[PDB]
$ cat work_22.pdb   # PDB, C-alpha atoms (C1' of nucleotides)
MODEL        1
ATOM      1  CA  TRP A   1     -48.810 -28.458 164.079  1.00  0.00           C
ATOM      2  CA  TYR A   2     -50.833 -29.074 160.914  1.00  0.00           C
ATOM      3  CA  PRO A   3     -49.313 -30.104 157.588  1.00  0.00           C
ATOM      4  CA  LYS A   4     -49.820 -27.491 154.863  1.00  0.00           C
ATOM      5  CA  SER A   5     -52.468 -28.298 152.254  1.00  0.00           C
ATOM      6  CA  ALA A   6     -52.279 -27.241 148.605  1.00  0.00           C
ATOM      7  CA  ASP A   7     -54.443 -24.125 148.692  1.00  0.00           C
ATOM      8  CA  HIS A   8     -55.734 -23.012 145.296  1.00  0.00           C
ATOM      9  CA  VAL A   9     -53.304 -22.829 142.362  1.00  0.00           C
ATOM     10  CA  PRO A  10     -54.858 -22.048 138.961  1.00  0.00           C
ATOM     11  CA  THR A  11     -52.470 -21.109 136.140  1.00  0.00           C
ATOM     12  CA  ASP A  12     -48.974 -19.748 135.702  1.00  0.00           C
ATOM     13  CA  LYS A  13     -47.950 -23.372 135.884  1.00  0.00           C
ATOM     14  CA  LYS A  14     -44.581 -23.923 134.270  1.00  0.00           C
ATOM     15  CA  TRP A  15     -44.669 -25.038 130.657  1.00  0.00           C
ATOM     16  CA  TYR A  16     -41.803 -27.293 129.707  1.00  0.00           C
ATOM     17  CA  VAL A  17     -40.622 -28.684 126.385  1.00  0.00           C
ATOM     18  CA  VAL A  18     -38.982 -31.975 125.453  1.00  0.00           C
ATOM     19  CA  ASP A  19     -37.603 -32.540 122.004  1.00  0.00           C
ATOM     20  CA  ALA A  20     -37.955 -36.313 121.916  1.00  0.00           C
ATOM     21  CA  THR A  21     -35.631 -36.724 118.949  1.00  0.00           C
ATOM     22  CA  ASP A  22     -34.003 -40.045 119.878  1.00  0.00           C
ATOM     23  CA  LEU A  23     -34.796 -40.187 123.570  1.00  0.00           C
ATOM     24  CA  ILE A  24     -35.830 -43.642 124.624  1.00  0.00           C
ATOM     25  CA  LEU A  25     -39.504 -43.907 125.320  1.00  0.00           C
ATOM     26  CA  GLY A  26     -39.932 -45.317 128.804  1.00  0.00           C
ATOM     27  CA  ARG A  27     -37.318 -43.336 130.685  1.00  0.00           C
ATOM     28  CA  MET A  28     -38.424 -40.069 129.135  1.00  0.00           C
ATOM     29  CA  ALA A  29     -42.015 -40.869 129.957  1.00  0.00           C
ATOM     30  CA  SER A  30     -41.101 -41.393 133.597  1.00  0.00           C
ATOM     31  CA  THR A  31     -39.474 -38.020 133.832  1.00  0.00           C
ATOM     32  CA  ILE A  32     -42.410 -36.471 131.986  1.00  0.00           C
ATOM     33  CA  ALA A  33     -44.989 -37.895 134.373  1.00  0.00           C
ATOM     34  CA  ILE A  34     -42.983 -36.860 137.406  1.00  0.00           C
ATOM     35  CA  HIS A  35     -43.386 -33.247 136.284  1.00  0.00           C
ATOM     36  CA  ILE A  36     -46.983 -33.999 135.434  1.00  0.00           C
ATOM     37  CA  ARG A  37     -47.729 -34.874 139.078  1.00  0.00           C
ATOM     38  CA  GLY A  38     -45.662 -32.314 140.891  1.00  0.00           C
ATOM     39  CA  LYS A  39     -43.299 -34.538 142.833  1.00  0.00           C
ATOM     40  CA  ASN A  40     -40.722 -31.804 142.244  1.00  0.00           C
ATOM     41  CA  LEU A  41     -42.466 -29.380 144.563  1.00  0.00           C
ATOM     42  CA  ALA A  42     -42.367 -29.017 148.305  1.00  0.00           C
ATOM     43  CA  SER A  43     -46.015 -28.183 147.610  1.00  0.00           C
ATOM     44  CA  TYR A  44     -46.634 -31.747 146.523  1.00  0.00           C
ATOM     45  CA  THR A  45     -50.001 -33.179 147.364  1.00  0.00           C
ATOM     46  CA  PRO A  46     -51.605 -36.247 145.803  1.00  0.00           C
ATOM     47  CA  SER A  47     -55.145 -34.986 146.080  1.00  0.00           C
ATOM     48  CA  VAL A  48     -54.623 -31.665 144.325  1.00  0.00           C
ATOM     49  CA  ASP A  49     -53.340 -30.873 140.886  1.00  0.00           C
ATOM     50  CA  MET A  50     -50.125 -29.036 141.705  1.00  0.00           C
ATOM     51  CA  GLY A  51     -48.503 -30.287 138.498  1.00  0.00           C
ATOM     52  CA  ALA A  52     -47.168 -28.464 135.452  1.00  0.00           C
ATOM     53  CA  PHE A  53     -48.062 -28.485 131.752  1.00  0.00           C
ATOM     54  CA  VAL A  54     -45.450 -29.838 129.331  1.00  0.00           C
ATOM     55  CA  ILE A  55     -45.029 -30.105 125.574  1.00  0.00           C
ATOM     56  CA  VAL A  56     -43.445 -32.979 123.666  1.00  0.00           C
ATOM     57  CA  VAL A  57     -42.150 -32.012 120.239  1.00  0.00           C
ATOM     58  CA  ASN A  58     -40.816 -34.202 117.479  1.00  0.00           C
ATOM     59  CA  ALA A  59     -43.135 -36.974 118.562  1.00  0.00           C
ATOM     60  CA  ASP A  60     -42.242 -38.942 115.447  1.00  0.00           C
ATOM     61  CA  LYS A  61     -38.647 -39.638 116.454  1.00  0.00           C
ATOM     62  CA  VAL A  62     -38.851 -41.235 119.868  1.00  0.00           C
ATOM     63  CA  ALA A  63     -36.400 -44.113 120.051  1.00  0.00           C
ATOM     64  CA  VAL A  64     -36.916 -47.544 121.565  1.00  0.00           C
ATOM     65  CA  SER A  65     -34.122 -50.003 122.251  1.00  0.00           C
ATOM     66  CA  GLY A  66     -33.807 -53.648 121.294  1.00  0.00           C
ATOM     67  CA  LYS A  67     -36.047 -54.961 118.559  1.00  0.00           C
ATOM     68  CA  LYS A  68     -39.041 -53.109 120.021  1.00  0.00           C
ATOM     69  CA  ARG A  69     -39.642 -51.028 116.940  1.00  0.00           C
ATOM     70  CA  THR A  70     -41.197 -54.061 115.287  1.00  0.00           C
ATOM     71  CA  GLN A  71     -42.206 -56.045 118.398  1.00  0.00           C
ATOM     72  CA  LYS A  72     -44.125 -53.773 120.730  1.00  0.00           C
ATOM     73  CA  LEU A  73     -47.766 -53.773 119.798  1.00  0.00           C
ATOM     74  CA  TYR A  74     -50.506 -51.451 120.922  1.00  0.00           C
ATOM     75  CA  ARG A  75     -53.815 -53.247 121.067  1.00  0.00           C
ATOM     76  CA  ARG A  76     -57.196 -51.608 121.186  1.00  0.00           C
ATOM     77  CA  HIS A  77     -60.012 -54.068 121.595  1.00  0.00           C
ATOM     78  CA  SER A  78     -63.514 -53.336 120.454  1.00  0.00           C
ATOM     79  CA  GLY A  79     -66.084 -54.457 122.981  1.00  0.00           C
ATOM     80  CA  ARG A  80     -67.407 -57.200 120.738  1.00  0.00           C
ATOM     81  CA  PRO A  81     -65.707 -60.526 120.091  1.00  0.00           C
ATOM     82  CA  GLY A  82     -63.100 -60.629 117.390  1.00  0.00           C
ATOM     83  CA  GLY A  83     -62.367 -56.970 117.936  1.00  0.00           C
ATOM     84  CA  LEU A  84     -58.792 -57.423 119.135  1.00  0.00           C
ATOM     85  CA  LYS A  85     -56.450 -55.211 117.108  1.00  0.00           C
ATOM     86  CA  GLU A  86     -52.806 -56.266 116.957  1.00  0.00           C
ATOM     87  CA  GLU A  87     -50.815 -53.170 116.035  1.00  0.00           C
ATOM     88  CA  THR A  88     -47.053 -52.776 116.000  1.00  0.00           C
ATOM     89  CA  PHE A  89     -45.156 -49.702 117.128  1.00  0.00           C
ATOM     90  CA  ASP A  90     -43.784 -49.176 113.657  1.00  0.00           C
ATOM     91  CA  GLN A  91     -47.286 -48.869 112.204  1.00  0.00           C
ATOM     92  CA  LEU A  92     -48.281 -46.273 114.778  1.00  0.00           C
ATOM     93  CA  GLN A  93     -45.146 -44.198 114.551  1.00  0.00           C
ATOM     94  CA  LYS A  94     -45.772 -44.199 110.821  1.00  0.00           C
ATOM     95  CA  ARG A  95     -49.509 -43.546 111.047  1.00  0.00           C
ATOM     96  CA  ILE A  96     -50.423 -41.558 114.175  1.00  0.00           C
ATOM     97  CA  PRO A  97     -47.278 -40.686 116.112  1.00  0.00           C
ATOM     98  CA  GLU A  98     -48.482 -38.733 119.130  1.00  0.00           C
ATOM     99  CA  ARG A  99     -50.549 -41.644 120.423  1.00  0.00           C
ATOM    100  CA  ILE A 100     -47.266 -43.379 121.320  1.00  0.00           C
ATOM    101  CA  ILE A 101     -46.319 -40.958 124.056  1.00  0.00           C
ATOM    102  CA  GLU A 102     -49.986 -40.448 124.794  1.00  0.00           C
ATOM    103  CA  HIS A 103     -49.913 -44.076 125.967  1.00  0.00           C
ATOM    104  CA  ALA A 104     -46.604 -43.951 127.759  1.00  0.00           C
ATOM    105  CA  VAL A 105     -47.513 -41.222 130.191  1.00  0.00           C
ATOM    106  CA  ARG A 106     -51.124 -42.340 130.350  1.00  0.00           C
ATOM    107  CA  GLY A 107     -49.862 -45.494 131.984  1.00  0.00           C
ATOM    108  CA  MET A 108     -47.314 -43.731 134.132  1.00  0.00           C
ATOM    109  CA  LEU A 109     -49.651 -41.345 135.900  1.00  0.00           C
ATOM    110  CA  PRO A 110     -52.386 -42.198 138.399  1.00  0.00           C
ATOM    111  CA  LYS A 111     -55.625 -43.110 136.704  1.00  0.00           C
ATOM    112  CA  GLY A 112     -58.761 -42.065 138.505  1.00  0.00           C
ATOM    113  CA  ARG A 113     -60.703 -38.827 138.423  1.00  0.00           C
ATOM    114  CA  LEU A 114     -57.578 -36.769 139.087  1.00  0.00           C
ATOM    115  CA  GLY A 115     -55.235 -38.668 136.823  1.00  0.00           C
ATOM    116  CA  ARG A 116     -57.736 -38.320 134.037  1.00  0.00           C
ATOM    117  CA  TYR A 117     -57.955 -34.612 134.713  1.00  0.00           C
ATOM    118  CA  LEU A 118     -54.185 -34.089 134.594  1.00  0.00           C
ATOM    119  CA  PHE A 119     -53.427 -36.056 131.433  1.00  0.00           C
ATOM    120  CA  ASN A 120     -54.530 -32.897 129.670  1.00  0.00           C
ATOM    121  CA  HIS A 121     -51.296 -31.388 130.936  1.00  0.00           C
ATOM    122  CA  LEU A 122     -49.408 -33.205 128.211  1.00  0.00           C
ATOM    123  CA  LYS A 123     -49.409 -31.562 124.801  1.00  0.00           C
ATOM    124  CA  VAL A 124     -47.884 -33.793 122.110  1.00  0.00           C
ATOM    125  CA  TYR A 125     -46.893 -32.661 118.629  1.00  0.00           C
ATOM    126  CA  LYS A 126     -45.387 -34.495 115.698  1.00  0.00           C
ATOM    127  CA  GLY A 127     -43.942 -31.474 113.937  1.00  0.00           C
ATOM    128  CA  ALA A 128     -40.817 -29.642 115.009  1.00  0.00           C
ATOM    129  CA  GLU A 129     -42.588 -26.519 116.281  1.00  0.00           C
ATOM    130  CA  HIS A 130     -45.108 -26.198 119.056  1.00  0.00           C
ATOM    131  CA  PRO A 131     -47.830 -23.536 118.847  1.00  0.00           C
ATOM    132  CA  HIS A 132     -47.662 -22.764 122.573  1.00  0.00           C
ATOM    133  CA  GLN A 133     -45.671 -19.806 123.800  1.00  0.00           C
ATOM    134  CA  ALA A 134     -47.927 -19.704 126.842  1.00  0.00           C
ATOM    135  CA  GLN A 135     -45.430 -19.310 129.660  1.00  0.00           C
ATOM    136  CA  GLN A 136     -42.543 -19.240 127.186  1.00  0.00           C
ATOM    137  CA  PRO A 137     -41.913 -22.886 128.016  1.00  0.00           C
ATOM    138  CA  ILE A 138     -38.542 -23.378 129.667  1.00  0.00           C
ATOM    139  CA  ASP A 139     -36.873 -26.597 128.557  1.00  0.00           C
ATOM    140  CA  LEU A 140     -37.475 -29.598 130.781  1.00  0.00           C
ATOM    141  CA  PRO A 141     -34.905 -30.851 133.333  1.00  0.00           C
ATOM    142  CA  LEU A 142     -33.742 -34.432 132.806  1.00  0.00           C
ATOM    143  CA  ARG A 143     -32.099 -36.148 135.784  1.00  0.00           C
ATOM    144  CA  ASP A 144     -31.532 -39.367 133.834  1.00  0.00           C
ATOM    145  CA  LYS A 145     -28.045 -40.213 132.617  1.00  0.00           C
ATOM    146  CA  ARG A 146     -29.420 -42.768 130.116  1.00  0.00           C
ATOM    147  CA  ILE A 147     -31.520 -41.319 127.283  1.00  0.00           C
TER     148      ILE A 147
ATOM    149  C1'   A B   1     -83.205 -10.528 118.237  1.00  0.00           C
ATOM    150  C1'   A B   2     -80.619 -14.832 114.736  1.00  0.00           C
ATOM    151  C1'   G B   3     -82.928 -19.337 115.718  1.00  0.00           C
ATOM    152  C1'   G B   4     -86.481 -22.130 117.645  1.00  0.00           C
ATOM    153  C1'   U B   5     -90.634 -24.750 119.794  1.00  0.00           C
ATOM    154  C1'   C B   6     -96.057 -25.012 119.813  1.00  0.00           C
ATOM    155  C1'   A B   7    -100.124 -24.414 117.029  1.00  0.00           C
ATOM    156  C1'   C B   8    -102.431 -25.220 111.882  1.00  0.00           C
ATOM    157  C1'   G B   9    -102.439 -28.521 106.785  1.00  0.00           C
ATOM    158  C1'   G B  10    -100.109 -33.462 105.855  1.00  0.00           C
ATOM    159  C1'   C B  11     -96.087 -37.143 103.891  1.00  0.00           C
ATOM    160  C1'   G B  12     -93.000 -41.975  99.781  1.00  0.00           C
ATOM    161  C1'   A B  13     -91.374 -40.057 107.747  1.00  0.00           C
ATOM    162  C1'   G B  14     -92.963 -42.418 111.743  1.00  0.00           C
ATOM    163  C1'   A B  15     -94.504 -47.180 118.002  1.00  0.00           C
ATOM    164  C1'   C B  16     -94.309 -41.741 120.740  1.00  0.00           C
ATOM    165  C1'   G B  17     -90.525 -38.215 120.489  1.00  0.00           C
ATOM    166  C1'   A B  18     -87.751 -37.794 115.610  1.00  0.00           C
ATOM    167  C1'   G B  19     -87.396 -36.311 110.528  1.00  0.00           C
ATOM    168  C1'   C B  20     -89.308 -33.409 105.897  1.00  0.00           C
ATOM    169  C1'   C B  21     -92.286 -30.184 103.430  1.00  0.00           C
ATOM    170  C1'   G B  22     -96.231 -26.564 103.985  1.00  0.00           C
ATOM    171  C1'   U B  23     -98.975 -22.296 106.823  1.00  0.00           C
ATOM    172  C1'   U B  24    -103.126 -17.868 101.731  1.00  0.00           C
ATOM    173  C1'   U B  25    -104.135 -12.258  98.412  1.00  0.00           C
ATOM    174  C1'   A B  26    -101.104 -19.267  98.616  1.00  0.00           C
ATOM    175  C1'   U B  27     -97.886 -14.301  92.070  1.00  0.00           C
ATOM    176  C1'   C B  28     -98.220 -11.542  87.630  1.00  0.00           C
ATOM    177  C1'   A B  29     -94.899 -11.799  83.398  1.00  0.00           C
ATOM    178  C1'   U B  30     -91.288 -12.847  78.489  1.00  0.00           C
ATOM    179  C1'   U B  31     -87.719 -20.224  79.637  1.00  0.00           C
ATOM    180  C1'   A B  32     -87.423 -23.219  86.019  1.00  0.00           C
ATOM    181  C1'   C B  33     -89.203 -20.891  92.454  1.00  0.00           C
ATOM    182  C1'   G B  34     -95.666 -19.762  96.137  1.00  0.00           C
ATOM    183  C1'   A B  35    -100.656 -25.502  95.359  1.00  0.00           C
ATOM    184  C1'   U B  36     -99.679 -28.698 101.971  1.00  0.00           C
ATOM    185  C1'   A B  37    -104.364 -32.189 102.670  1.00  0.00           C
ATOM    186  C1'   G B  38    -109.238 -32.427 100.914  1.00  0.00           C
ATOM    187  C1'   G B  39    -113.087 -31.488  97.073  1.00  0.00           C
ATOM    188  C1'   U B  40    -113.735 -30.571  91.971  1.00  0.00           C
ATOM    189  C1'   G B  41    -112.234 -31.005  86.550  1.00  0.00           C
ATOM    190  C1'   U B  42    -109.739 -33.881  83.377  1.00  0.00           C
ATOM    191  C1'   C B  43    -105.979 -38.238  81.947  1.00  0.00           C
ATOM    192  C1'   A B  44    -103.519 -42.522  82.770  1.00  0.00           C
ATOM    193  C1'   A B  45    -105.234 -47.420  85.167  1.00  0.00           C
ATOM    194  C1'   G B  46    -108.809 -51.334  86.694  1.00  0.00           C
ATOM    195  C1'   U B  47    -113.148 -53.945  85.751  1.00  0.00           C
ATOM    196  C1'   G B  48    -115.636 -54.719  81.743  1.00  0.00           C
ATOM    197  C1'   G B  49    -120.045 -53.386  79.060  1.00  0.00           C
ATOM    198  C1'   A B  50    -124.333 -49.407  83.310  1.00  0.00           C
ATOM    199  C1'   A B  51    -129.781 -47.329  83.906  1.00  0.00           C
ATOM    200  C1'   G B  52    -133.837 -46.336  81.157  1.00  0.00           C
ATOM    201  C1'   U B  53    -136.127 -46.774  76.783  1.00  0.00           C
ATOM    202  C1'   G B  54    -136.491 -49.548  71.949  1.00  0.00           C
ATOM    203  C1'   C B  55    -136.142 -54.014  69.043  1.00  0.00           C
ATOM    204  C1'   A B  56    -136.152 -59.976  68.587  1.00  0.00           C
ATOM    205  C1'   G B  57    -137.976 -63.714  71.644  1.00  0.00           C
ATOM    206  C1'   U B  58    -144.259 -67.274  74.527  1.00  0.00           C
ATOM    207  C1'   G B  59    -139.985 -67.145  78.520  1.00  0.00           C
ATOM    208  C1'   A B  60    -135.355 -67.599  80.315  1.00  0.00           C
ATOM    209  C1'   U B  61    -132.298 -64.444  77.851  1.00  0.00           C
ATOM    210  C1'   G B  62    -130.108 -61.509  73.784  1.00  0.00           C
ATOM    211  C1'   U B  63    -129.408 -57.141  71.239  1.00  0.00           C
ATOM    212  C1'   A B  64    -128.701 -51.142  70.117  1.00  0.00           C
ATOM    213  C1'   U B  65    -127.952 -46.398  72.455  1.00  0.00           C
ATOM    214  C1'   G B  66    -122.180 -47.789  74.452  1.00  0.00           C
ATOM    215  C1'   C B  67    -114.361 -49.444  75.489  1.00  0.00           C
ATOM    216  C1'   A B  68    -120.528 -46.792  77.943  1.00  0.00           C
ATOM    217  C1'   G B  69    -121.128 -47.256  83.857  1.00  0.00           C
ATOM    218  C1'   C B  70    -119.761 -47.297  88.272  1.00  0.00           C
ATOM    219  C1'   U B  71    -114.443 -46.859  90.090  1.00  0.00           C
ATOM    220  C1'   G B  72    -110.272 -41.876  90.226  1.00  0.00           C
ATOM    221  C1'   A B  73    -105.003 -43.353  98.158  1.00  0.00           C
ATOM    222  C1'   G B  74    -101.386 -42.287  90.628  1.00  0.00           C
ATOM    223  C1'   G B  75    -100.442 -37.503  86.972  1.00  0.00           C
ATOM    224  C1'   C B  76    -101.412 -32.180  86.158  1.00  0.00           C
ATOM    225  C1'   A B  77    -105.167 -28.074  86.612  1.00  0.00           C
ATOM    226  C1'   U B  78    -108.296 -25.739  90.276  1.00  0.00           C
ATOM    227  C1'   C B  79    -107.670 -21.479  96.038  1.00  0.00           C
ATOM    228  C1'   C B  80    -114.033 -24.285  96.524  1.00  0.00           C
ATOM    229  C1'   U B  81    -112.970 -26.064 102.047  1.00  0.00           C
ATOM    230  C1'   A B  82    -108.807 -26.003 105.858  1.00  0.00           C
ATOM    231  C1'   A B  83    -103.484 -24.146 107.029  1.00  0.00           C
ATOM    232  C1'   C B  84    -107.408 -18.394 111.374  1.00  0.00           C
ATOM    233  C1'   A B  85    -106.039 -17.057 115.923  1.00  0.00           C
ATOM    234  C1'   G B  86    -102.120 -17.366 118.501  1.00  0.00           C
ATOM    235  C1'   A B  87     -98.835 -18.385 122.268  1.00  0.00           C
ATOM    236  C1'   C B  88     -93.801 -19.679 124.264  1.00  0.00           C
ATOM    237  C1'   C B  89     -88.598 -20.387 124.878  1.00  0.00           C
ATOM    238  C1'   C B  90     -84.421 -17.267 122.901  1.00  0.00           C
ATOM    239  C1'   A B  91     -81.147 -11.700 124.937  1.00  0.00           C
ATOM    240  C1'   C B  92     -77.423  -7.079 126.036  1.00  0.00           C
ATOM    241  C1'   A B  93     -71.366  -8.662 123.587  1.00  0.00           C
ATOM    242  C1'   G B  94     -69.488 -13.565 125.789  1.00  0.00           C
ATOM    243  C1'   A B  95     -65.073 -13.757 133.571  1.00  0.00           C
ATOM    244  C1'   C B  96     -59.057 -15.211 134.396  1.00  0.00           C
ATOM    245  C1'   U B  97     -53.643 -15.194 132.012  1.00  0.00           C
ATOM    246  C1'   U B  98     -49.480 -13.778 129.005  1.00  0.00           C
ATOM    247  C1'   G B  99     -47.908 -13.542 123.360  1.00  0.00           C
ATOM    248  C1'   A B 100     -47.883 -10.383 118.759  1.00  0.00           C
ATOM    249  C1'   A B 101     -48.470  -6.217 115.330  1.00  0.00           C
ATOM    250  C1'   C B 102     -49.814  -0.717 114.687  1.00  0.00           C
TER     251        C B 102
ENDMDL
END
$ encode --input "work_22.pdb" --output "structure tokens"
Amino acid sequence: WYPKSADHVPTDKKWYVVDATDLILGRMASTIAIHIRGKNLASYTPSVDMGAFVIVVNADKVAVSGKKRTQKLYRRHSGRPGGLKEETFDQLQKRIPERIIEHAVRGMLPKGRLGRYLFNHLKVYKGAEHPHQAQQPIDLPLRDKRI
RNA sequence: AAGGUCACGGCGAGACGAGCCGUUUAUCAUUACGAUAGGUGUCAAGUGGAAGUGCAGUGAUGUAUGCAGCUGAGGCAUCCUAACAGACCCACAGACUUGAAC
């Protein structure tokens, strides 16, 4: 008849945790942003926010393969000329660590009004403890043999 | 209500909104806060010798009274004048979840 449409879901969304101590950046960020969208739910619907909060901890110790750790550069460009800001992954992970993952998923998930709204569902922490015991976050399922 | 805004007196603040400081029994008293603008009183400061009268000169003009006289958006003092009257916005405990301690 008519396909079911995500009808109002507010809270009691699952909180997950990922200790990113030596888990390579990309692959992890794909399996983070697949639980950020809700593509693990028969209730999946692109237009509604059926997702689930998650919590990255030890955001200082994400690994990257190859020679990345000195090659990959995050560039923020000021609007004016000459504002380009070369910046290598080692300098960030030293200086402000959570922005690393805060980029990775922010590219993974669908920018727009909705994507922007969801990105809040990622809580990133550089310490080893996370202050959220909200839903008593159950550790996050990883279907990826290579991490 | 706390806080505001307006109004009222103005500024080293300002295109207008902004800002900032006032808003009177504007103390009184044994070492700092309650003079905001004007006026007044005084002092710095400027210009430079007032007016009248006298003297010397036939007359221009000088000379004495005399750092006087006019200045005084700067400094303090002074409630003399004006900050009178007001008015307006502002509220009642800050939905929903689990967690923790007694």
$ residues_around --input "work_22.pdb" --residues "region 11-15 of chain A" --least-positions-apart "6" --cutoff "10 Å" --atoms "all atoms listed in the file" --output "list in words"
residues 35, 50, 51, 52, 53, 54, 55, 121, 122, 123, 132, 133, 134, 135, 136, 137, 138, 139 and 140 of chain A; 96, 97 and 98 of chain B
$ closest_residue --input "work_22.pdb" --among "A:37, A:4, A:10, A:127" --to "chain B" --atoms "all atoms listed in the file"
A:10
$ resolve_selection --input "work_22.pdb" --expression "the PyMOL selection byres ((chain A and resi 108) around 8)" --output "list in words"
residues 29, 30, 33, 104, 105, 106, 107, 109 and 110 of chain A
$ resolve_selection --input "work_22.pdb" --expression "the PyMOL selection byres ((chain A and resi 86) around 10)" --output "ChimeraX atom specification"
/A:72-77,83-85,87-88
$ residues_around --input "work_22.pdb" --residues "region 62-77 of chain B" --least-positions-apart "5" --cutoff "9 Å" --atoms "only C-alpha atoms (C1' of nucleotides)" --output "list in words"
residues 41, 42, 43, 44, 45, 46, 47, 48, 49, 50, 51, 54, 55, 56 and 57 of chain B
$ atom_distance --input "work_22.pdb" --atom1 "CA of residue 117 (chain A)" --atom2 "CA of residue 2 (chain A)"
27.7 Å
$ axis_aligned_box --input "work_22.pdb" --around "region 108-122 of chain A" --padding-each-side "8 Å" --output "lines of an AutoDock Vina configuration file"
center_x = -54.0
center_y = -37.6
center_z = 133.6
size_x = 29.4
size_y = 28.3
size_z = 26.9
$ residues_around --input "work_22.pdb" --residues "residue 145 (chain A)" --least-positions-apart "6" --cutoff "12 Å" --atoms "all atoms listed in the file" --output "list in words"
residues 23, 24, 27, 28 and 31 of chain A
$ atom_distance --input "work_22.pdb" --atom1 "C1' of residue 86 (chain B)" --atom2 "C1' of residue 27 (chain B)"
26.9 Å
$ residues_near_point --input "work_22.pdb" --point "(-39.2, -37.7, 124.4)" --cutoff "8 Å" --atoms "only C-alpha atoms (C1' of nucleotides)" --output "PyMOL selection string"
chain A and resi 18-25+28-29+56-59+62+101
$ residues_around --input "work_22.pdb" --residues "region 5-7 of chain B" --least-positions-apart "3" --cutoff "8 Å" --atoms "all atoms listed in the file" --output "list in words"
residues 86, 87, 88 and 89 of chain B
